[PDB]
$ cat query_21.txt   # compact mmCIF, C-alpha atoms and all ligand atoms
# COMPACT_ATOMS: atom_id res chain seq x y z
CA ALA A 1057 123.69 125.02 12.60
CA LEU A 1058 125.67 125.19 9.38
CA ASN A 1059 129.12 123.65 9.00
CA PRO A 1060 131.45 126.68 9.35
CA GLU A 1061 133.83 125.04 6.87
CA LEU A 1062 131.06 124.90 4.28
CA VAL A 1063 130.26 128.54 5.04
CA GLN A 1064 133.62 130.04 4.19
CA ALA A 1065 134.06 127.61 1.29
CA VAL A 1066 131.05 129.00 -0.60
CA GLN A 1067 131.89 132.71 -0.26
CA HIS A 1068 133.50 132.79 -3.71
CA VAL A 1069 130.20 131.56 -5.17
CA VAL A 1070 127.65 133.51 -3.13
CA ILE A 1071 125.99 136.54 -4.75
CA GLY A 1072 124.82 139.35 -2.48
CA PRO A 1073 121.07 140.14 -2.75
CA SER A 1074 122.00 143.80 -3.26
CA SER A 1075 123.73 142.75 -6.49
CA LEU A 1076 120.95 140.72 -8.13
CA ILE A 1077 117.59 141.83 -9.49
CA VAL A 1078 115.27 138.96 -10.39
CA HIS A 1079 112.44 139.83 -12.77
CA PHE A 1080 109.78 137.41 -11.51
CA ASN A 1081 107.18 138.94 -13.84
CA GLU A 1082 108.63 137.22 -16.91
CA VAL A 1083 108.59 133.42 -16.82
CA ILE A 1084 111.03 132.03 -19.38
CA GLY A 1085 111.06 128.44 -18.23
CA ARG A 1086 109.00 126.17 -16.01
CA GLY A 1087 110.71 123.03 -14.74
CA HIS A 1088 109.77 120.21 -12.38
CA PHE A 1089 112.42 121.48 -9.94
CA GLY A 1090 111.79 125.22 -10.39
CA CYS A 1091 111.12 128.17 -12.71
CA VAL A 1092 113.63 130.20 -14.68
CA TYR A 1093 113.30 134.01 -14.82
CA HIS A 1094 115.12 136.93 -16.41
CA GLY A 1095 117.64 138.63 -14.13
CA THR A 1096 120.11 141.50 -13.77
CA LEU A 1097 123.51 141.05 -12.15
CA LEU A 1098 125.67 143.82 -10.65
CA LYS A 1103 128.28 147.06 -14.72
CA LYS A 1104 125.01 145.26 -15.52
CA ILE A 1105 124.84 141.60 -16.56
CA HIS A 1106 121.76 139.93 -18.04
CA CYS A 1107 121.16 136.41 -16.75
CA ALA A 1108 118.76 133.53 -16.23
CA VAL A 1109 117.70 132.88 -12.64
CA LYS A 1110 116.29 129.52 -11.57
CA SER A 1111 114.21 129.42 -8.39
CA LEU A 1112 114.12 126.00 -6.72
CA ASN A 1113 111.21 124.55 -4.71
CA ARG A 1114 111.20 124.35 -0.88
CA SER A 1122 120.26 123.95 2.43
CA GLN A 1123 123.73 122.47 2.94
CA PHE A 1124 123.29 120.40 -0.22
CA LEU A 1125 122.42 123.59 -2.12
CA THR A 1126 125.56 125.35 -0.97
CA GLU A 1127 127.57 122.18 -1.66
CA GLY A 1128 126.34 122.45 -5.25
CA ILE A 1129 129.35 124.83 -5.71
CA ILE A 1130 131.20 121.89 -7.18
CA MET A 1131 129.36 123.53 -10.09
CA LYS A 1132 131.24 126.81 -9.64
CA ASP A 1133 134.51 124.95 -10.21
CA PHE A 1134 133.39 123.85 -13.71
CA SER A 1135 134.64 126.42 -16.24
CA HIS A 1136 134.75 125.68 -19.97
CA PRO A 1137 133.57 127.46 -23.19
CA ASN A 1138 131.27 124.53 -23.97
CA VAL A 1139 129.83 123.98 -20.51
CA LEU A 1140 127.08 126.03 -18.84
CA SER A 1141 128.82 128.13 -16.19
CA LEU A 1142 127.47 128.98 -12.76
CA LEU A 1143 127.58 132.75 -12.24
CA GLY A 1144 126.75 132.44 -8.56
CA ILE A 1145 124.06 131.47 -6.05
CA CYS A 1146 121.90 133.56 -3.71
CA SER A 1152 114.11 130.23 -2.10
CA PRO A 1153 117.44 128.96 -3.46
CA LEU A 1154 118.45 131.08 -6.49
CA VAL A 1155 120.55 129.54 -9.25
CA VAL A 1156 122.17 132.31 -11.30
CA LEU A 1157 123.04 131.16 -14.83
CA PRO A 1158 124.27 132.95 -17.97
CA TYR A 1159 121.46 133.90 -20.32
CA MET A 1160 121.18 131.49 -23.25
CA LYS A 1161 119.65 133.53 -26.08
CA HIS A 1162 118.96 130.64 -28.42
CA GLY A 1163 117.45 128.18 -25.97
CA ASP A 1164 117.93 124.43 -26.06
CA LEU A 1165 119.80 122.85 -28.94
CA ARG A 1166 117.00 120.51 -29.99
CA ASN A 1167 114.41 123.26 -30.36
CA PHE A 1168 117.01 125.36 -32.19
CA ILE A 1169 117.78 122.77 -34.88
CA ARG A 1170 114.09 121.93 -35.28
CA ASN A 1171 113.31 125.59 -35.93
CA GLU A 1172 112.51 125.87 -39.65
CA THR A 1173 113.45 129.57 -39.72
CA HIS A 1174 117.04 128.64 -38.88
CA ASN A 1175 119.20 127.17 -41.62
CA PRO A 1176 122.31 125.48 -40.18
CA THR A 1177 124.50 123.72 -42.73
CA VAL A 1178 125.88 120.19 -42.34
CA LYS A 1179 129.20 121.71 -41.30
CA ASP A 1180 127.35 123.83 -38.68
CA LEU A 1181 125.57 120.78 -37.26
CA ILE A 1182 128.83 118.82 -37.05
CA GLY A 1183 130.29 121.92 -35.38
CA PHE A 1184 127.57 121.82 -32.72
CA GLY A 1185 128.46 118.18 -32.03
CA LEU A 1186 132.17 118.95 -31.86
CA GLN A 1187 131.33 121.61 -29.26
CA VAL A 1188 129.32 119.13 -27.18
CA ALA A 1189 132.24 116.69 -27.44
CA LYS A 1190 134.64 119.31 -26.08
CA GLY A 1191 132.28 120.16 -23.22
CA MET A 1192 131.98 116.46 -22.32
CA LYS A 1193 135.72 115.92 -22.67
CA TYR A 1194 136.07 118.65 -20.04
CA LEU A 1195 133.36 117.22 -17.77
CA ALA A 1196 134.77 113.68 -18.12
CA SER A 1197 138.26 114.92 -17.13
CA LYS A 1198 136.69 116.12 -13.86
CA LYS A 1199 135.19 112.65 -13.40
CA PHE A 1200 131.70 114.12 -13.81
CA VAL A 1201 129.08 111.77 -15.34
CA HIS A 1202 126.18 113.66 -16.91
CA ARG A 1203 123.58 110.82 -17.04
CA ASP A 1204 121.17 112.74 -19.30
CA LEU A 1205 123.09 114.01 -22.30
CA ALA A 1206 120.64 114.86 -25.13
CA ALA A 1207 120.16 117.74 -27.55
CA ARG A 1208 117.28 118.97 -25.33
CA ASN A 1209 119.84 119.36 -22.52
CA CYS A 1210 122.39 121.50 -24.36
CA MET A 1211 121.92 125.27 -24.84
CA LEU A 1212 123.04 127.92 -27.31
CA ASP A 1213 124.19 131.46 -26.50
CA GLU A 1214 124.08 134.66 -28.58
CA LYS A 1215 127.24 133.63 -30.46
CA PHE A 1216 125.77 130.18 -31.13
CA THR A 1217 128.20 128.62 -28.71
CA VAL A 1218 126.88 125.26 -27.52
CA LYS A 1219 126.95 124.62 -23.77
CA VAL A 1220 126.41 121.22 -22.23
CA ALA A 1221 123.82 122.08 -19.62
CA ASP A 1222 121.21 120.44 -17.42
CA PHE A 1223 123.59 119.50 -14.61
CA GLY A 1224 124.22 120.34 -10.97
CA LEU A 1225 121.75 122.94 -9.70
CA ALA A 1226 120.42 123.32 -13.27
CA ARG A 1227 119.35 119.64 -13.36
CA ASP A 1228 115.72 119.12 -14.41
CA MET A 1229 113.33 117.25 -16.67
CA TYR A 1230 112.88 119.92 -19.33
CA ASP A 1231 110.78 117.71 -21.65
CA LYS A 1232 108.91 115.01 -19.70
CA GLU A 1233 107.91 113.28 -22.92
CA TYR A 1234 111.24 111.42 -23.00
CA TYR A 1235 111.40 109.86 -19.52
CA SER A 1236 109.80 106.50 -18.69
CA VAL A 1237 109.37 104.92 -15.25
CA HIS A 1238 111.01 101.58 -14.38
CA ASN A 1239 109.19 98.75 -12.59
CA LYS A 1240 111.52 97.48 -9.85
CA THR A 1241 112.51 101.08 -9.09
CA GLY A 1242 110.69 104.40 -9.35
CA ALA A 1243 113.14 106.07 -11.71
CA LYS A 1244 111.93 108.08 -14.70
CA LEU A 1245 114.75 107.54 -17.19
CA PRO A 1246 115.62 108.88 -20.68
CA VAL A 1247 115.57 105.38 -22.12
CA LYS A 1248 116.02 106.33 -25.79
CA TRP A 1249 119.40 107.90 -24.88
CA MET A 1250 120.62 105.19 -22.50
CA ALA A 1251 123.27 102.54 -23.10
CA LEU A 1252 122.36 98.85 -23.05
CA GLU A 1253 124.08 98.29 -19.71
CA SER A 1254 122.32 101.29 -18.11
CA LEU A 1255 118.93 100.00 -19.25
CA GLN A 1256 119.81 96.76 -17.48
CA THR A 1257 121.50 97.98 -14.28
CA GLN A 1258 120.41 101.62 -14.05
CA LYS A 1259 124.06 102.56 -13.41
CA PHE A 1260 125.68 105.34 -15.46
CA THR A 1261 129.28 106.00 -16.47
CA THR A 1262 131.28 108.24 -18.76
CA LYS A 1263 131.03 105.38 -21.29
CA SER A 1264 127.23 105.48 -20.99
CA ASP A 1265 127.49 109.26 -21.59
CA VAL A 1266 129.37 108.33 -24.79
CA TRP A 1267 126.42 106.19 -25.93
CA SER A 1268 124.10 109.18 -25.31
CA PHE A 1269 126.45 111.39 -27.27
CA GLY A 1270 126.09 109.08 -30.28
CA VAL A 1271 122.32 109.57 -30.05
CA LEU A 1272 122.85 113.33 -29.76
CA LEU A 1273 124.92 113.25 -32.99
CA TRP A 1274 122.01 111.47 -34.70
CA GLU A 1275 119.65 114.16 -33.36
CA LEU A 1276 121.89 116.81 -34.87
CA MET A 1277 122.14 115.15 -38.27
CA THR A 1278 118.36 114.68 -38.49
CA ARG A 1279 117.75 118.25 -37.23
CA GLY A 1280 115.95 117.07 -34.12
CA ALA A 1281 114.03 113.95 -35.15
CA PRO A 1282 112.95 111.82 -32.19
CA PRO A 1283 114.97 108.58 -31.99
CA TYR A 1284 113.23 105.21 -32.43
CA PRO A 1285 109.78 106.71 -33.11
CA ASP A 1286 107.88 103.44 -33.53
CA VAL A 1287 109.40 101.80 -30.44
CA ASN A 1288 107.40 101.93 -27.22
CA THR A 1289 109.90 103.09 -24.69
CA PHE A 1290 111.22 100.66 -22.01
CA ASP A 1291 111.25 97.75 -24.48
CA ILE A 1292 114.01 99.61 -26.33
CA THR A 1293 116.21 96.92 -24.79
CA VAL A 1294 114.58 94.14 -26.80
CA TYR A 1295 114.74 96.33 -29.92
CA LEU A 1296 118.48 96.94 -29.60
CA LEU A 1297 119.14 93.31 -28.65
CA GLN A 1298 117.61 92.30 -32.02
CA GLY A 1299 120.80 93.60 -33.65
CA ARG A 1300 119.58 97.15 -34.23
CA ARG A 1301 120.88 100.75 -34.18
CA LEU A 1302 119.52 104.11 -35.37
CA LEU A 1303 119.83 104.40 -39.16
CA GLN A 1304 122.29 106.69 -40.93
CA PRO A 1305 120.70 110.13 -41.53
CA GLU A 1306 120.55 111.26 -45.16
CA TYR A 1307 123.05 114.09 -44.75
CA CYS A 1308 125.30 112.37 -42.21
CA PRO A 1309 128.81 111.80 -43.59
CA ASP A 1310 129.86 108.13 -43.60
CA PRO A 1311 132.72 108.66 -41.10
CA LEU A 1312 130.40 110.43 -38.69
CA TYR A 1313 128.02 107.47 -38.80
CA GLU A 1314 131.02 105.20 -38.12
CA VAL A 1315 131.65 107.37 -35.05
CA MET A 1316 128.03 106.92 -33.95
CA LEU A 1317 128.30 103.13 -34.28
CA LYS A 1318 131.46 103.25 -32.16
CA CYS A 1319 129.60 105.25 -29.49
CA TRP A 1320 127.06 102.40 -29.41
CA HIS A 1321 129.61 99.57 -29.06
CA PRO A 1322 128.06 96.65 -27.08
CA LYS A 1323 131.09 96.65 -24.75
CA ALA A 1324 131.24 99.93 -22.82
CA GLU A 1325 135.05 99.80 -22.51
CA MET A 1326 135.43 99.61 -26.29
CA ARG A 1327 133.56 102.91 -26.89
CA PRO A 1328 135.77 105.92 -27.72
CA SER A 1329 136.70 108.43 -25.03
CA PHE A 1330 135.42 111.95 -25.43
CA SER A 1331 139.02 112.88 -26.12
CA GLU A 1332 139.02 110.51 -29.11
CA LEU A 1333 135.62 111.86 -30.16
CA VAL A 1334 136.85 115.46 -30.19
CA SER A 1335 139.81 114.32 -32.28
CA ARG A 1336 137.77 112.30 -34.79
CA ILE A 1337 134.99 114.88 -35.15
CA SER A 1338 137.44 117.77 -35.52
CA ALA A 1339 139.00 115.94 -38.49
CA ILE A 1340 135.60 115.32 -40.15
CA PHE A 1341 134.50 118.91 -39.47
CA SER A 1342 137.69 120.16 -41.09
CA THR A 1343 136.88 118.55 -44.46
CA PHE A 1344 133.89 120.88 -44.94
CA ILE A 1345 134.20 124.26 -46.64
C1 LIG B 1401 117.22 131.36 -21.39
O1 LIG B 1401 118.36 130.94 -20.73
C2 LIG B 1401 118.29 129.85 -19.90
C3 LIG B 1401 119.42 129.45 -19.20
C4 LIG B 1401 119.36 128.36 -18.35
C5 LIG B 1401 118.17 127.65 -18.21
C6 LIG B 1401 118.14 126.48 -17.29
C7 LIG B 1401 118.80 125.28 -17.91
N1 LIG B 1401 119.97 124.75 -17.59
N2 LIG B 1401 120.18 123.69 -18.37
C8 LIG B 1401 119.14 123.52 -19.21
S1 LIG B 1401 118.43 122.59 -20.49
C9 LIG B 1401 116.99 123.59 -20.60
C10 LIG B 1401 115.82 123.38 -21.47
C11 LIG B 1401 114.68 124.18 -21.52
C12 LIG B 1401 113.81 123.54 -22.46
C13 LIG B 1401 112.53 123.85 -22.96
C14 LIG B 1401 111.93 123.01 -23.90
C15 LIG B 1401 112.59 121.86 -24.36
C16 LIG B 1401 113.85 121.55 -23.87
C17 LIG B 1401 114.46 122.41 -22.91
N3 LIG B 1401 115.68 122.32 -22.28
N4 LIG B 1401 117.09 124.54 -19.67
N5 LIG B 1401 118.25 124.50 -18.93
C18 LIG B 1401 117.04 128.05 -18.91
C19 LIG B 1401 117.10 129.15 -19.75
$ encode --input "query_21.txt" --output "structure tokens"
Amino acid sequence: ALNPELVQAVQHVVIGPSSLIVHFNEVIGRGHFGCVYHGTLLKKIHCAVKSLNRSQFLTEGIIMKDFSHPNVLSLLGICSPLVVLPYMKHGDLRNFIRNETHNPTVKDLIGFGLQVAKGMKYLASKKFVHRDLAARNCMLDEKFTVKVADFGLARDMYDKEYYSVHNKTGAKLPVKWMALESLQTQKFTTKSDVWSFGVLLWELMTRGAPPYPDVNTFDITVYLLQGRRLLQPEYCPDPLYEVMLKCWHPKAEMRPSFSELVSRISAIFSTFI
């Protein structure tokens, strides 16, 4: 009953069950949409396997297979729908920077943001809008390479604390990361991803502080419309805060592209020893 065209299209993405061992005995992540487990891929390859709840839309998900970039979470393959992802040793970026045992420098933190910018520049060039860019939704591998994650079949609410439900609709949205226009229309664009990226930069430069702590969530609109923005973090260089303010331009079309952001951030990064 499957579209035969869809069938032969996904072959380059399908992983044979004889080639994947899933270690269900070790839960590494619980999500709203499924659990992540350790896995072995056949040489032997260590991976994370996400097991979704409750078919054609799953196999169509292989738009994800066609995304390949050093700073974007790759899809190893698919095989209960099994999402086979590369193992990310150092977990989500927000938890990593909040970890007191780790000691990233200012240059390192700016480096993490430059990596996210490159990943988004890639995603944007494929006309992919993320809609939930945040430090909690980026991951770090064993070489401390940052991967924009939490998209496609990997999409989930990995920290429910930061999603609030709207009235007219039912949507639980990451309001503290959303652009003004998205708060008002609930539509998302690459330029609204740029707003979120500005917030992510602030997260990095505060080592994972929650944005707008006092503010009670969906009235963030009123807060911003008072003429407000997140404050400059103590160790944030002045030009990087100017970049943040640009990311939060009132007019979406006046915000920088991710291409411009990679360019500007690479220059700032380069001034550090
Ligand atoms: C250990 O390696 C992985 C690899 C992929 C995944 C699934 C995934 N894809 N994108 C994202 S963001 C994310 C995440 C987990 C988490 C836990 C606490 C707070 C924030 C979090 N984000 N997980 N994830 C989970 C663990």
$ residues_near_ligand --input "query_21.txt" --ligand "ligand LIG 1401 (chain B)" --cutoff "6 Å" --atoms "only C-alpha atoms and all ligand atoms" --output "JSON, numbers by chain"
{"A": [1092, 1108, 1157, 1159, 1160, 1161, 1163, 1164, 1208, 1209, 1210, 1221, 1222, 1226, 1230, 1231]}
$ atom_distance --input "query_21.txt" --atom1 "CA of residue 1233 (chain A)" --atom2 "CA of residue 1291 (chain A)"
16.0 Å
$ closest_residue --input "query_21.txt" --among "A:1290, A:1269, A:1124, A:1168" --to "residue 1193 (chain A)" --atoms "only C-alpha atoms"
A:1269
$ residues_around --input "query_21.txt" --residues "region 1303-1320 of chain A" --least-positions-apart "2" --cutoff "9 Å" --atoms "only C-alpha atoms" --output "MDAnalysis selection string"
chainID A and resid 1178 1182 1251:1252 1263:1264 1266:1271 1273:1274 1277:1278 1300:1301 1322:1324 1326:1329 1333 1336:1337 1340
$ closest_residue --input "query_21.txt" --among "A:1216, A:1223, A:1249, A:1344" --to "residue 1169 (chain A)" --atoms "only C-alpha atoms"
A:1216
$ atom_distance --input "query_21.txt" --atom1 "CA of residue 1287 (chain A)" --atom2 "CA of residue 1205 (chain A)"
20.1 Å
$ atom_distance --input "query_21.txt" --atom1 "CA of residue 1123 (chain A)" --atom2 "CA of residue 1204 (chain A)"
24.4 Å
$ closest_residue --input "query_21.txt" --among "A:1177, A:1111, A:1067, A:1074" --to "residue 1088 (chain A)" --atoms "all atoms listed in the file"
A:1111
$ closest_atom_pairs --input "query_21.txt" --of "region 1197-1258 of chain A" --to "region 1131-1137 of chain A" --cutoff "10 Å" --atoms "only C-alpha atoms" --output "Markdown table"
| residue | atom | partner | partner_atom | distance |
| --- | --- | --- | --- | --- |
| A:1198 | CA | A:1134 | CA | 8.4 |
| A:1200 | CA | A:1134 | CA | 9.9 |
| A:1217 | CA | A:1137 | CA | 7.8 |
| A:1218 | CA | A:1137 | CA | 8.3 |
| A:1219 | CA | A:1137 | CA | 7.2 |
| A:1220 | CA | A:1137 | CA | 9.5 |
| A:1223 | CA | A:1131 | CA | 8.4 |
| A:1224 | CA | A:1131 | CA | 6.1 |
| A:1225 | CA | A:1131 | CA | 7.6 |
| A:1226 | CA | A:1131 | CA | 9.5 |
$ axis_aligned_box --input "query_21.txt" --around "region 1172-1185 of chain A" --padding-each-side "3 Å" --output "AutoDock Vina command-line options"
--center_x 121.4 --center_y 123.9 --center_z -37.4 --size_x 23.8 --size_y 17.4 --size_z 16.7
$ residues_near_point --input "query_21.txt" --point "(114.9, 110.5, -30.3)" --cutoff "10 Å" --atoms "only C-alpha atoms" --output "list in words"
residues 1206, 1207, 1234, 1246, 1247, 1248, 1249, 1271, 1272, 1274, 1275, 1278, 1280, 1281, 1282, 1283, 1284, 1285 and 1302 of chain A
